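Q: Following this: a sequence and the matching experimental structure.
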Number of protein chains: 2
Amino acid sequence: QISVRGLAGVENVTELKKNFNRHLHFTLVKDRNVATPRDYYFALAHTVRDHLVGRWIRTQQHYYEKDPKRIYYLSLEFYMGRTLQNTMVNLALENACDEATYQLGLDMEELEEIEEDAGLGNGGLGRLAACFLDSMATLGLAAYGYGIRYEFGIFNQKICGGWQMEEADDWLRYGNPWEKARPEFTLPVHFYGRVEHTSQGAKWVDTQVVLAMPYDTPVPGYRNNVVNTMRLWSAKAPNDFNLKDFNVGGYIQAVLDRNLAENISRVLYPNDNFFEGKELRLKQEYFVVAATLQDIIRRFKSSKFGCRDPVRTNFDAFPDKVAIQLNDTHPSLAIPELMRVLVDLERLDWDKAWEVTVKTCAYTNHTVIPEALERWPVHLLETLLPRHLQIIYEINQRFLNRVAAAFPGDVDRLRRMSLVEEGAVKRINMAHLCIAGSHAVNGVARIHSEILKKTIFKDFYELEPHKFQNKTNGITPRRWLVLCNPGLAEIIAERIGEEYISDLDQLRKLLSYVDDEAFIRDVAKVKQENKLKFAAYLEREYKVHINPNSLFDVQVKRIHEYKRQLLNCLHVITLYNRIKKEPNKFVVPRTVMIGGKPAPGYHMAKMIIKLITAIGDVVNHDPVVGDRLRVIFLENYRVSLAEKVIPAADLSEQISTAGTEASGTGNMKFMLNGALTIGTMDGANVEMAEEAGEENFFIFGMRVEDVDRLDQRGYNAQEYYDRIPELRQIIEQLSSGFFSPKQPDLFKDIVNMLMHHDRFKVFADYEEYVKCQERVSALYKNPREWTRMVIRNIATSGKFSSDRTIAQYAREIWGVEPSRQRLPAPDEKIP
Amino acid sequence: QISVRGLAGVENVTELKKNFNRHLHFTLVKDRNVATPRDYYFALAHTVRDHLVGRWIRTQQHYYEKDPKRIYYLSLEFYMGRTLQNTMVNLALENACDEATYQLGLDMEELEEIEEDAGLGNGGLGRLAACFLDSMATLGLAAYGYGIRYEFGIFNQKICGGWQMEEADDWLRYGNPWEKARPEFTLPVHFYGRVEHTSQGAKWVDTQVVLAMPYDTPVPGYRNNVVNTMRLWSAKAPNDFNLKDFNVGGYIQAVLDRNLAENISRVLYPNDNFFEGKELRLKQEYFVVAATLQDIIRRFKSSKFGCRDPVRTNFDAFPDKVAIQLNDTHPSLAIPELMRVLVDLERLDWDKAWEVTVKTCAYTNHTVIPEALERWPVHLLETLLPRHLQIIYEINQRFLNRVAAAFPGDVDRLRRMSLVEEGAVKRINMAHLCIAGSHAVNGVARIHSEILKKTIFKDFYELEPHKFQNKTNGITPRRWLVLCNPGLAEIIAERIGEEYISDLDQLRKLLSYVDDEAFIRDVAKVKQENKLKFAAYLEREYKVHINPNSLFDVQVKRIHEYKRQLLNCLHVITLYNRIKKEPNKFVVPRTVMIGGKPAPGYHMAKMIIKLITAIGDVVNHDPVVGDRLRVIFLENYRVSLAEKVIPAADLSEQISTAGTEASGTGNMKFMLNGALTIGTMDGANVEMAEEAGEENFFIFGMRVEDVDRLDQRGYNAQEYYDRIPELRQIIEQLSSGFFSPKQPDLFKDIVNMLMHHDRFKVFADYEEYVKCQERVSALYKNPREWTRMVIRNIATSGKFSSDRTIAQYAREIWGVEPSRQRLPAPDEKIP
Ligand SMILES: *Cc1c(COP(=O)(O)O)cnc(C)c1O
Ligand SMILES: *Cc1c(COP(=O)(O)O)cnc(C)c1O
Ligand SMILES: OC[C@@H]1[C@@H](O)[C@H](O)[C@@H](O)c2nnnn21
Ligand SMILES: OC[C@@H]1[C@@H](O)[C@H](O)[C@@H](O)c2nnnn21
């Protein structure tokens, strides 16, 4: 039998085929004689979507009947990936659709590769959101992910001459079978305008209006029949002031100018985190905050209140019925906006509105590196949003009065912890507005949460230590194990069962097969098959025959200086220099695969991508190197390429300067799928080593105390250049043009940076790194010992399930109890 | 029984209900507890669309098997109206859906009023196209209407203070159930660029590319199971040079700037015909021409050639397999564009390509008034389209050489009939390019076609008299009789049967009931019911209780000076002045209803709309007038309001200065539905009077000889002002402010125009008009005599069926034989 990838029932394969042909004809308006793979993909997509509308409808009615506390997860990013296989998996439908389509003569795996990725994310942030939504539905929570429906997702990367070329991601060219446009619930978002003070209230008057049309996507829980909702807002011009204030213009042009209000959801801002002070960005931010809060209050006004008991619109019970999670400072405006709707329109006292706002709101901090912090120009919030900058001033004023009452005379504290930064451009510190106005603040890994309490939010911690918490990131076992690695999920399933997909802690039962020759041959058999498929796919749809017998060494994640892909490059060049030095000496063979996208304006990231392809140019055509070493740049890394590379890797690179990667989630995906980690004590790498023991990790380099000590004495890269002749050789190979022969000067900016302005200390972790790399090649040479260190990683992945993360959020921040018990499946009834 | 509006079969009402509930749940993702009328409308729309995909698919496969000559009707306008009831009607589905929804507790008529109008038209032109497509499908023709899918149709008119206020028509807010986006057939349209001459061919190189994505709408023939296609193109940015030429810009902004190539199908140009030299217009024009011609050639390369016999791509057989009809000069570029594709890309000799182009192309002229003629600036075609302005020069050059060979020494002929007009701005006369390059040129009524041969295309006629023809416009009996007036279609059906809906000439058999008291009571009973519904609807969804016992006097059509709504106003004021003069004298009571939209920039049309509401202001609140007279301005006249007003009218106003309305089609809709016509000898009014006899019309005023005679001596309105004291009174009532009391000066521009610059001679037809109006009130007083003049109009409407027009086009221009025999209905098979 295939796997136990659901049952492939006799009646159930019949009904699927019938339904597939009903949509090819009626929905696609094709007949099997004119239909492409694409049309076949859409006929399956619609037949699978049919199976979850019954549940979606029953799940929502259900939340209205028993009125639970609802969780609204506000994220300007959700990186969802392809959703056909995830839907079949969470419904138990995958070998039925696989039997069914096979009987129609269709390879289901061809049809799945047809689907565009919903790449409405940049990377770790949007994917954490995607992974949390799958767990919230799996934990039975009344939760709604609330985002912007971008027309253009993250750009498609093209490597054109070794240089990244960006291309627009038109993911909707062919439509999306998964959403349901809900025009009926269009809502108004107000922008610009002014505040006039009646001696009764403040009114924000004279505003331009943009309409927000919701689009819902179903989020199915794993086999529990819960289908929750991801609501994404789309911007629409009002077809009224646009044609109500005329006063010269021209009719055609008043109609052309509407794609100017619709531009607010045109595109995802490509900043794999760094901050850009653009008005379009603040507008996208305010758009998802104002539209969503209207939906929250709407759903609160109805319920067991817009119906009965203590008859005033009781906002006192708002925090017990509502929880909104601010995923970074991107939705921070949900705090002066919930104060606006409460104080201005519901007319509550300022102090009572504030008690309700902090009891509702919670903030997650995702990074400590300062270029990623949102600090908005006040002339910008004054122009665009004038009531909110007034409310924000009021929050700041009353906050400092309580800080000053607690730390009397500490004038510096006050300057430090102000929401208003004075300076060249007066600005508002959005992080500070989120700690002031949330009842919980949290980091994404234990090292990061501590660093928040010890450096960046130290003063805020001293005031309100009770707010700071930690919720270590997680990954969902479904896509990141059952979906991308059916083979590995099957041999685990054989030994310990299938219940491990709702609690990955049962993977701990695998420790008992570390010494079991069948299991060691099985764990290594599937890793060798996965490596055979990714080797194949790569030739087939991209390039050169890579050796499946190499150690697949892969670093896939956004190109940044802190993530230190130039440190991995120094190691690759080191390897090539040792082969050339001693050509006829055996080395363990490697296929180094580095991939990720660079934000368009980050010139150094773009230069780093050119280095890696320039190293591929040299190494891969050296006859003396032969086959022992290959350098490959994985073009257009996205969620669906991650489901391909990560099951095929032997070594995971997680090499960030200690203290800079807040958590990482790529690192956890690689631990679940049988790759060992070489990594610094950074982010969740610390808790990963601790979970499997240091002896099962290749942890190395400076620790955070060591980066501070080094920074206090002063970091000087020249010193490493002197003491290490292999680092001398490399640097001079860069400067003189060995890797760029037609343009000797080409990598001069990287040399100079390393040498003179390296904020991330690449050179200080070089000897410990290249030595730690000698120990993993050493272990690789002993197959049986690699596979058992691997079995001790896999066996110890349970903490890293987003189901653990979410039962921690539910319980310690939202006040909700996670259930995982099947709701009734609709079967017939249309209500 | 309801009517014989199809059968309401037992199994068939069952299957419809089941299918209605399957789409409410699965397609709308609603349950009957949360579903509005709107959601009910869309569940019926999708169940009715299901019934025609089987036929659409079988009809297209069919045209490929037996390979007929195909007709491509190119129109920048199709004014389709609402399509639910037209689809139920052409499929025999209307009392089944009516039983079915009633049994679900739904008033089907509520649900039909939910549908937006596809208002992709301005008026007579787009609606003629809509009416032709219904007849082509009904006459079994392999025909495709080819247009632009505008995002914004014709603006919605708001009368705000008596002034027209325009509003954007967002007809797609809620989606369209009728189209099928066909992304798979996106095609490239080239713009700008340059021509370089290789000494082998000319290449148009360096062009910007815009993508054209097709959207198909099914056009169902009346009960013959033919479902043909209306393909509408949508503009899309290439997601490649837009992000392939960077060279400074900014990534976000390169993605925002795509709504700039997508602007080509953003909006319908609102010019109820007059001509505006805008680049966006030439671009929309070139867009539908280039995309469509790629589809024509594509479908020609395949067939019984891209398969077999005399093995070169035989363009010689192109005119025998292809006919494109140029509906006005808007698609005239189909002539240098078919020469481009043939000469530049297929490499045919110039002379051979020209024989194929004129044998394919035919041109329909729709008006003679000069402000409507397209004369494009050469610096514009040189910039935007440089190969086409070069090809056009080449056509002009070889045309004048044959003119000069036929009329030797006639240097003025040559200046006159040139495609290039010299002058201040050198220009290209598109009408002239269409007569040069088409094998048939035609007018839309016998008077208009003659006037073309005698004035405007006289020189072209003298050269090639064989080209000029006439095809008198028509209206489809289905929407304009069976759909809007089921009652009238039923009592005709009772007496003479139902076969009259495929040949309206059988209405001639009705002459036999002119003296039949049952039929005279029936014809007048349904007109009184229709007048009761339109009186009701008007209060209910708009305004004041109008008297159903009045003569409903209505003029609905675009506001222009030539259509002479100010002449109808002079008559209304005349009536009000006679009541006031002699208040206690019986007059026949009237409800005058004037309605139509004004192009946004035509200040006089906007002033005329303010006059009519200003006359409504006065008259409708005069207590002495009481109820004998009411003036109503029908706000936002569109196809669906036409299906409401036209069945409820007693008098049709068709009052154009003789020689200016080329045909009219409103006039024919009113003759089919039992209204008598008061009209000048203009357009098809001439053939309408002739069809029913002059004695059954209220024909009046100057004839065309009389407008020429008057123009040669010199038209002077002052002379009419002197001889007619009732016209003096009115003019001075306008000048002094009787109708505009707060602003006496307000109608000063209209007075001045009438008095000093009336190109359409309103004053010269005033006495004959107001006297002719005394004769219709006279007849109205004799109910039995009105209803029998009416029965002689209705009985004589057959010539005015677009089925006659199209069997004339098919046979005398396209070389096709009309069939009307049922194709097989699919019943089960999905191929
Ligand atoms: C998981 C994931 C990430 C996160 O990677 P890190 O290494 O944690 O920075 C980024 N992009 C994609 C495509 C992912 O799947
Ligand atoms: C038929 C029709 C017209 C044509 O009217 P004419 O009086 O011939 O100019 C214009 N608009 C609409 C809505 C129509 O139905
Ligand atoms: O918490 C989710 C991820 C973390 O895993 C990364 O370490 C951090 O750089 C980040 N920034 N935004 N989102 N993220
Ligand atoms: O032929 C269709 C209609 C005619 O009936 C009108 O008389 C004419 O003004 C016109 N202009 N464009 N289209 N049309």
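A: Okay, I see it. Numbering: from 1, shown residues only, chains lettered A, B, ... in the order given. Ligands and ions are numbered 1, 2, ... in the order given.
Q: Show me where the stretch 151-300 of chain A has its strands.
A: Using DSSP state E, counting those that start in this stretch, the strands found in the stretch 151-300 of chain A span residues A:156-160, A:163-167, A:180-181, A:187-191, A:194-197, A:202-205, A:208-220, A:227-236.
Q: Neighbouring strands - and their directions - for the third one?
A: Which is strand A:180-181. Applying DSSP bridges, strand A:180-181 is found paired with strand A:208-220 (antiparallel).
Q: repeat for the first one
A: Sheet pairing here is set by DSSP bridges, and for strand A:156-160 it gives strand A:163-167 (antiparallel).
Q: residues in contact with the partner strand?
A: With contact meaning CB atoms under 8 Å, 6 or more residues apart in numbering or on different chains, strand A:163-167 is reached by A:155-159, A:270, A:597-598, A:600, A:606, A:609-610, B:239-240, B:243-244, B:251. No exception for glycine: its C-beta is placed from N, CA and C like everyone else's.
Q: List buried residues within those residues.
A: For the contacts of strand A:163-167, a burial check counting by 16 or more other CB atoms under 10 Å in any protein chain shown picks out A:155-159, A:270, A:597-598, A:600, A:609-610, B:239, B:243, B:251.
Q: Compute the distance between residue A:359 and residue A:381, please.
A: Separation of residue A:359 from residue A:381 (CB to CB, to the nearest Å): 25 Å.
Q: Who has more neighbours out of the two?
A: Ranked by neighbour count (other CB atoms under 10 Å in any protein chain shown), residue A:359 and residue A:381 place residue A:381 first, with 22 against 17.
Q: okay if I get the buried ones among the contacts of strand A:163-167 as a markdown table plus distance to residue B:408?
A: Shown next, in a markdown table, are those (distance: CB to CB, whole Å):
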| residue | distance to residue B:408 |
| --- | --- |
| A:155 | 66 |
| A:156 | 65 |
| A:157 | 69 |
| A:158 | 64 |
| A:159 | 69 |
| A:270 | 70 |
| A:597 | 73 |
| A:598 | 73 |
| A:600 | 68 |
| A:609 | 73 |
| A:610 | 72 |
| B:239 | 58 |
| B:243 | 59 |
| B:251 | 65 |
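Q: Need the max-distance pair from these.
A: Greatest spatial distance in the buried ones among the contacts of strand A:163-167: A:610 and B:239, 23.8 Å, computed using CB to CB.
Q: And residue A:343, how close does it get to chain B?
A: Distance, residue A:343 to chain B, using CB to the nearest CB, to the nearest Å: 32 Å.
Q: Verify the stated contact: that residue with residue A:350.
A: Yes - judged on CB atoms under 8 Å, residue A:343 makes contact with residue A:350 at a distance of 6.0 Å.
Q: So for these two, which sits in the more crowded spot?
A: residue A:343 (22 against 13).
Q: Which residues are in contact with the closest residue to ligand 3 within the stretch 251-400 of chain A?
A: At 3.5 Å from ligand 3, residue A:366 is the closest residue in the stretch 251-400 of chain A, using CB to the nearest ligand atom. By CB under 8 Å, 6+ apart, the residues touching residue A:366 are A:124, A:125, A:128, A:273, A:327, A:328, A:444, A:662, A:663.
Q: would the third one count as being in a helix?
A: I take that to be residue A:128. Yes - Residue A:128 forms part of a helix when assessed by DSSP: H, G, I helix; E, B strand; the rest coil.
Q: count of neighbours near it?
A: Applying other CB under 10 Å, we find 27 residues neighbouring residue A:128.
Q: Pull up the gap between it and ligand 1, please.
A: Here residue A:128 is placed at a distance of 8 Å from ligand 1 (CB to the nearest ligand atom, to the nearest Å).
Q: That residue against residue A:476, yeah?
A: No - taking contacts as CB under 8 Å, residue A:128 lies outside contact range of residue A:476: 10.3 Å.
Q: does the closest residue to residue A:416 other than its chain neighbours sit in a helix, a strand or a coil?
A: Spatial nearest neighbour of residue A:416, chain neighbours left out: residue A:459 (5.7 Å); criterion: CB to CB, 6 or more residues apart in numbering or on different chains. Secondary structure, three-state DSSP: residue A:459 is helix.
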